[PDB]
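As structure tokens, the structure follows; a few thoughts come after it.
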Amino acid sequence: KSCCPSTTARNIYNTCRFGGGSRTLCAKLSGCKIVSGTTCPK
């Protein structure tokens, strides 16, 4: 699961990893955390 501290973060994240990059690389960008799914940080 990708946990983002903002909606803007998700928007940027999702589009970043939509075309290019990778989940983690894009999460790093937006401030989102690529987690498993047991918890969900902000």
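Every residue, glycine as well, gets a Cβ built from its backbone with ideal geometry; the counts of neighbours run over all protein chains shown. Derivation of every value follows stated rules applied to the coordinates shown; laboratory data play no part.
Only residues that are among the hydroxyl-bearing types (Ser, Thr, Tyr) and under 9 Å from the mean Cα position of the chain (by Cα): list them for the chain, please.
Scanning the chain gives 2, 13, 24, 30.
Say we look at the range 10-42 and pick out the residues that are in a helix (DSSP H, G or I) and among the small types (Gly, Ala, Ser); which of these is surrounded by the fewest Cβ atoms within 10 Å (Cβ to Cβ)?
19
Specify the residue that is farthest from residue 1 (Cα to Cα); the eligible residues are those in the range 13-42 that are touching a strand residue (DSSP E or B) at 6+ places or on another chain (Cβ under 6 Å) and among the basic types (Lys, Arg). Even if it seems obvious, please write down each step before you answer.
We begin by selecting, within the range 13-42, every residue touching a strand residue (DSSP E or B) at 6+ places or on another chain (Cβ under 6 Å); these are 23-24, 27, 32-35, 40-41.
Filter again for among the basic types (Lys, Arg), leaving 23, 33.
Details: 23: 10, 33: 8 Å.
Among those residues, the one meeting the criterion is 23.
What are the pairs with Cβ atoms under 8 angstrom where one residue, in the range 29-42, is farther than 13 Å from residue 14 by Cβ and the other, located anywhere, is assigned to a loop (DSSP other than H, G, I, E, B) and charged (D, E, K, R)? Sequence gap at least six, or different chains.
As it stands, the answer is 35/1; 36/1; 37/1; 40/1, since those pairs meet every condition given.
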